[PDB]
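Novice: First portion of the complex, with coordinates as positioned in the assembly:
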Amino acid sequence: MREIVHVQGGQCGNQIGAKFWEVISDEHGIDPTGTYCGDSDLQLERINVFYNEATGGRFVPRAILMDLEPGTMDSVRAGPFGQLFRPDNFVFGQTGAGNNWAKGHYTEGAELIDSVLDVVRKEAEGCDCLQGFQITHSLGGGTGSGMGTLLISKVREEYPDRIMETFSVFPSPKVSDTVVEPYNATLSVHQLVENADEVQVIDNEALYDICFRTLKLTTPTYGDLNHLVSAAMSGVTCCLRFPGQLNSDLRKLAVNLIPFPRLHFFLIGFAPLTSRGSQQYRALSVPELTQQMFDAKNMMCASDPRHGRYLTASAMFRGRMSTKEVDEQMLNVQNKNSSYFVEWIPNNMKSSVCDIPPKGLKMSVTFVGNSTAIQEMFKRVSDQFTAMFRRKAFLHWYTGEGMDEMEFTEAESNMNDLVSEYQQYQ
């Protein structure tokens, strides 16, 4: 009865959500030809959230593939699980957005946005009531930051009631690429503060941090760290997709995690995770998932939760478990670690229980929390932005294609006051 429409923009966005449709497929028994194998009532009764029928029995994903190049959307199509998406929902664009935010937002992305908005209006409005939109993009390039936020602006005015959950990938600046990361990041943040209900902040360095000091991988590749993101994307909408003892919804997360509308930037994480020679050494109980869901490194953003306070927090447990432990462990972290938890909200925790655990595992859990330590991400991009800005850095591309100087100062204002608003509640 409720549908999530996934729109993926950018090279980062298309590759992450290709893993997302791969993990949703085997959570739902979908073969990469559309056929469904394996017999279970629960794996199809709520598949309308992510798949539609095709009068051939083919379950087709709600994917609105987008990038301003015939590049990674060719590799997504040619790879495994690439025949699922409609060839119609593959809007190409041939001019190219070269890591420039104004390219996707103003001067090349404005002539293809009228087609991807037509596609998403054909595919999302043609039902009784859609639950919301799920947008996957990186705010580091030109396509995800530029075209992604342009569609975000147009969707929030056409549907100013639905939930837009955005798994944004902020530029992690300690080790990174492209020299225009602070320009593309800050020029998108001052839009995501208004017209975006939820923004889950993801940094690549934290994905390497899990891949090095939790999974003990040899060579963490882009596919492995896109798999960890798709774990969190599937885990948040678990109750929307399967029955449970304590069901939830994306609006239940929104109303229990947003004290004020501007503060909606969440730290995400997901860990019943373990190394290769330790799953047969490590147990599995609610306290053990709890202690690896607050700790330091399970966060997929490079922001230490100890360097701040939790305004509010939520926990999406999955699988067969006792309802006493899922309540008592959130109490136990609340009263033991009280410094990293605000007081003007008492009892800052939501728990919610799915009954169907993910494939292979016995129980999993995903964190989404509104920690005020997210100020150190906007500060770590602002101090790079003002460094370039004082001597008028790589800018004649941005100004030459139709941006005045006031847009950049307005970018600094709405992101400096975001840090200041997080200061008042820390």
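Specialist: Arrived safely. Numbers count the residues shown, from 1 in each chain, chains lettered A, B, ... in the order given.
Novice: how many other residues sit next to residue A:78?
Specialist: When neighbours are defined as other Cβ atoms under 10 Å, residue A:78 has 9 of them. All C-beta atoms are positioned from the backbone trio N, CA, C, and that covers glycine.
Novice: do residue A:194 as well
Specialist: Residue A:194 is flanked by 12 other residues according to other Cβ under 10 Å.
Novice: ditto for residue A:134
Specialist: Residue A:134 has 25 neighbours, counted by other Cβ under 10 Å.
Novice: and if you look at the one 5 residues further on?
Specialist: Residues contacting residue A:139 under the criterion other Cβ under 10 Å number 30.
Novice: For it, list the residues it contacts.
Specialist: Residue A:139 makes contacts with A:145, A:148, A:168, A:169, A:170, A:171, A:184, A:185, A:188, A:189, as judged by Cβ atoms under 8 Å, 6 or more residues apart in numbering.
Novice: Now, those residues that are in strands?
Specialist: Among the contacts of residue A:139, the members found in strands (DSSP state E) are A:168, A:169, A:170.
Novice: For the second one, give its distance to residue A:203.
Specialist: To tie it back to what came earlier, the one meant is residue A:169. According to Cβ to Cβ, to the nearest Å, residue A:169 stands 7 Å off from residue A:203.
Novice: still on that earlier bit, any idea which of the ones in strands among the contacts of residue A:139 is closest to residue A:22?
Specialist: Residue A:22 lies nearest to residue A:169 out of these, by Cβ to Cβ, at 18.0 Å.
Novice: Make TSV from the ones in strands among the contacts of residue A:139 and add neighbour count and distance to residue A:352 to it.
Specialist: Shown next, in TSV, are the ones in strands among the contacts of residue A:139 (neighbours: other Cβ atoms under 10 Å; distance: Cβ to Cβ, whole Å):
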residue	neighbour count	distance to residue A:352
A:168	28	23
A:169	27	25
A:170	27	26
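Novice: can you redo the residues you listed as TSV with distance to residue A:51?
Specialist: Compiled in TSV, the ones in strands among the contacts of residue A:139 are given as follows (distance: Cβ to Cβ, whole Å):
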residue	distance to residue A:51
A:168	25
A:169	25
A:170	30
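Novice: let's bring in chain B now:
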Amino acid sequence: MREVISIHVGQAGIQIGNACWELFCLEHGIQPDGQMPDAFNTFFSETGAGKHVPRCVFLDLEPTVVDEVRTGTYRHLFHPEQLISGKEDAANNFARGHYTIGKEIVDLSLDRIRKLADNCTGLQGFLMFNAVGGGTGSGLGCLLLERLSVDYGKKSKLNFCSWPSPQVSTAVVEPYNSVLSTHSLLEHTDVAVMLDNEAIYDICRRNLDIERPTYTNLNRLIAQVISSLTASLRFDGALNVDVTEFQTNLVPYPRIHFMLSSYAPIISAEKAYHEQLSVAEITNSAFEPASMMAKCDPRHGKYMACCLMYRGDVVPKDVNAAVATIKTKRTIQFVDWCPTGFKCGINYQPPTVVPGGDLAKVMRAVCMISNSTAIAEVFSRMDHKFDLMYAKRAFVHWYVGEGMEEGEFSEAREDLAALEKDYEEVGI
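Specialist: Putting chain B together with the chains above:
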């Protein structure tokens, strides 16, 4: 004659209905299809060739938890539009449930309750089950009281709440949905039984000795509460009590109608056969100030009334002896305007045994629905959370966004403030 209609709202309402209507099915002998292989009239009907349709409405704005009874074995038991569902959940928002998306499902709920009342030849009560900690259980549940109190005025409306626990919440906007929904359960509710999850956790921990109980095990004991409550409406006994007499010999001055539950032959099979579970021992465990199903200690409150429902092979001489020994103890105290404070009721039917669940075979039972001034602390604990949140106007943009003015927050707190002020006033 002798019919009662249960009205489940909120996700906890469906799950508590899965256990309660289960117990009513066994306690008259109905098979899972609805066929017995007329004590049943309060709960089920007679639809020709042995069909037995329950008298319930399962009401939810979220289809997921009402779909599991629609896809399990009991689509064939419940009439398929007695399970009214919706499209979008109210999502922990009292504003959404009461003003915005509850006002389209309220038509089908009142139409079906009307159809379920037209086949009655004398209806005793509306046993509404809900959970005031969330969305549609706080919202649409409140509005359903507004519609029920205006079309069925003389009708009594019992209400089993699931009031927020002190340290366990599973929701952070829960203090808002609890305080704002007091008025439904203060002026449009005649009996307000206050339950919480922690007290069931503690009972399951030390008595049933399940260390790690689930919500389905919490629904075990609350099912036993209504079976002893409607025991006299269905099977014969030495002394019978109907829902008119629960709300007469227990309820003082009309605003004070807030009662607490304490079943106490809670035991499991490893303990059960070692002790005498006779009338004296089960009633001392009933008045014990740690078996309350509220997390509310009666030792700082005054018992205004008590309703013992003995249920089994219980002789009335042992009832009058058991009320004597609980009256001679100083740790149990009563208000001065109460020379007699017990409405004892005996049902001859033994407690229904629990194959494969959690309880054991016991020959006799007891359940208390007791009104005390100790219950003036389950709302004071939620005052501190409400004032802390509303001091900084936290979480209130979600409320005002669907058309819930900022004013109602203040006189919902003020209405509960007059509720508190009314409770120490009785105990002077």
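Novice: In light of the added chain B, please revisit the contacts of residue A:139.
Specialist: Residue A:139 is in contact with A:145, A:148, A:168, A:169, A:170, A:171, A:184, A:185, A:188, A:189, counting by Cβ atoms under 8 Å, 6 or more residues apart in numbering or on different chains.
Novice: Surely residue B:34 touches residue B:79?
Specialist: No. Counting by Cβ atoms under 8 Å, residue B:34 sits too far from residue B:79 to count as a contact (9.7 Å).
Novice: Identify the contacts common to the two.
Specialist: Contacts common to residue B:34 and residue B:79, judged by Cβ under 8 Å, 6+ apart, are residue B:53.
Novice: Show the contacting residues for residue 289.
Specialist: Picked chain A for this. Per Cβ under 8 Å, 6+ apart, neighbours of residue A:289: A:271, A:272, A:317, A:363, A:364, A:365.
Novice: not quite, I wanted chain B
Specialist: Contacts of residue B:289 (Cβ under 8 Å, 6+ apart): B:297, B:298, B:299, B:331.
Novice: now the first one: how far from residue A:282?
Specialist: Using Cβ to Cβ, residue B:297 is found at 41 Å from residue A:282.
Novice: same thing with residue B:111?
Specialist: Residue B:111 sits 55 Å away from residue A:282, going by Cβ to Cβ.
Novice: of all the residues in the stretch 51-200 of chain B, which ones are close to chain A?
Specialist: Applying Cβ under 8 Å from any Cβ of the partner chain, we find that the stretch 51-200 of chain B lies next to chain A at B:62-65, B:67-68, B:71, B:87-89, B:91-93, B:135, B:167-173, B:175, B:197.
Novice: Make sure residue B:347 is actually in contact with residue B:364.
Specialist: No. Look at residue B:347 against residue B:364 with Cβ under 8 Å: they stay out of range, at 9.9 Å.
Novice: Determine the residues that are contacts of both of the two.
Specialist: B:310, B:311, B:312.
Novice: Contact partners for the first one?
Specialist: If I follow you right, that is residue B:310. Taking Cβ under 8 Å, 6+ apart, we find residue B:310 in contact with B:279, B:283, B:319, B:344, B:345, B:346, B:347, B:364, B:365, B:366.
Novice: Among the residues you listed, which are located in strands?
Specialist: Per DSSP E, the contacts of residue B:310 map to strands at B:345, B:346, B:347, B:364, B:365.
Novice: Another chain to add, chain C:
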Amino acid sequence: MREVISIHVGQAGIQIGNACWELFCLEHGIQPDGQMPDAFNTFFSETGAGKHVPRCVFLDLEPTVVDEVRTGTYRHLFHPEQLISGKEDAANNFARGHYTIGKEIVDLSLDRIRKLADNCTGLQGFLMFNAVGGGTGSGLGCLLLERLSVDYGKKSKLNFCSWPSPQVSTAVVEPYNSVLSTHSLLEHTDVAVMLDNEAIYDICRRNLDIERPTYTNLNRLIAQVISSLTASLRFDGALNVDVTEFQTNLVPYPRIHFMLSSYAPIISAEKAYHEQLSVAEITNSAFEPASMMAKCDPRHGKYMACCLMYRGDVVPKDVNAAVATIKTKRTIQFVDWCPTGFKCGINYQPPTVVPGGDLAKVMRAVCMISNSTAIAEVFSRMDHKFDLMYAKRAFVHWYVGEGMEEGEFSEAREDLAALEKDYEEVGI
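Specialist: So, slotting chain C in with the rest:
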């Protein structure tokens, strides 16, 4: 004696009576050829070796609606010449069904009606099925009422129309066709019952659960309505009623002769064994505003008369108690000049089911044919449709160019306007 000739004009008239003759043959025992492997005398004659033939005069201008009837399963049941067809269509023109082609066809339809009446030994009345809002059902239907009144006068010319729905229309000239056909629908017919597509659409969703039913499933329900209306004629009842008493104890002052149909239960098979079908419940469901087959909500308006068609194992003492409950309902109202407006009727035979239809085996059924002042609004809505088209002479070259003088639109307007004034002065 007691013969009822059924006249079907148009696509909808043929298809509705297609379900009617299927249900009549299945009920009485006549196979799709005529053979039975004197209750049939109302709708059938009898020829020698059990060759029962229906007394219908199926009529259309195009052949592509009737040619299937004469080549399919029921081609040998029906008399080959009773199925009368022209050669080209009426093109949704009243004037092409009334002022050009149709005079070559009415001389053939009136002759076959003449032989169909010579076989009778006392006609109860001319049952008729048409579709107001088209070319043949409007124009050729109006021409048939003109000729049937002057020739076969003082005879009960019942009509059952397919009056255009408020929203779903499937054409653009039905504002023109509906009120241009209401001349013969006001001065020639007697028990003109108003039916529309939209209300039977909503009935099929709510009761039959069919989310996607077609013209078949609507015509099945109309066939059950006609079967209940002529039920004491064909079968023995405790309180029989003929077409003469429908015209006397249901009709006020003579210009007011529009009814509104209702049927109960239309409940599906999966629901059927779960609920009661007592006569008090079924008349509560028959008086529902959503079961009204005109989209003509009777909460606003006043009941002048009401005819009830209890059918099955129905006890009369339960009927009189049921209509007492209906009278004590405050939502519906009756006019001041009608102390008793509840002409009842009981037929002993339970309603039949077609094998493969959407309905279920039901013990009791009620057909509730009511006259109210609410049905002024189904002419008020086409009043708004007409003066929005004809305000600047829309689609009139198609009608003037084929024989119709321009003023016929305007004397269709005070024919509707005096119809509105008449229905507003009844309730005073």
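Novice: In light of the added chain C, please revisit the contacts of residue A:289.
Specialist: A:271, A:272, A:317, A:363, A:364, A:365.
Novice: so it is in which element?
Specialist: If you go by DSSP states H and E, residue A:289 is part of helix A:286-291.
Novice: rewinding a little: from the contacts of residue A:289, which two are the most distant?
Specialist: Largest separation among those by Cβ to Cβ: A:271 and A:317, giving 12.3 Å.
Novice: who has more neighbours, those two?
Specialist: Between residue A:271 and residue A:317, residue A:317 has the larger neighbour count (other Cβ atoms under 10 Å in any protein chain shown), namely 29 against 26.
Novice: Tell me the buried residues in stretch A:417-426?
Specialist: Of the residues in stretch A:417-426, A:418, A:419, A:422, A:425 count as buried by neighbour count, 16 or more other Cβ atoms under 10 Å in any protein chain shown.
Novice: Out of those, which comes closest to residue A:51?
Specialist: residue A:418 (36.6 Å).
Novice: Just the closest residue of the stretch 301-428 of chain B to chain C, please.
Specialist: Nearest to chain C, among the residues of the stretch 301-428 of chain B, is residue B:352, at 24.9 Å (Cβ to the nearest Cβ).
Novice: swap that for chain A, sorry
Specialist: As assessed by Cβ to the nearest Cβ, chain C sits closest to residue A:128 within chain A, at 12.0 Å.
Novice: Make sure that residue is indeed in a strand.
Specialist: No. Read with DSSP: H, G, I helix; E, B strand; the rest coil, residue A:128 is coil and lies in no strand.
Novice: For it, give its distance to residue A:121.
Specialist: With distances taken as Cβ to Cβ, residue A:128 is found 15 Å from residue A:121.
Novice: Which one's more surrounded, these two?
Specialist: Remark: of residue A:128 and residue A:121, residue A:121 carries more neighbours, 14 against 8, as counted by other Cβ under 10 Å.
Novice: which helices and strands sit right next to the host helix or strand of residue A:14?
Specialist: Assessed by DSSP H and E, residue A:14 sits inside helix A:10-27. Judged by 3 or more Cβ pairs under 8 Å, 6 or more residues apart in numbering or on different chains; DSSP states H and E, helix A:10-27 is in contact with strand A:4-8, strand A:65-66, helix A:72-78, strand A:132-138, strand A:163-170, helix A:222-236.
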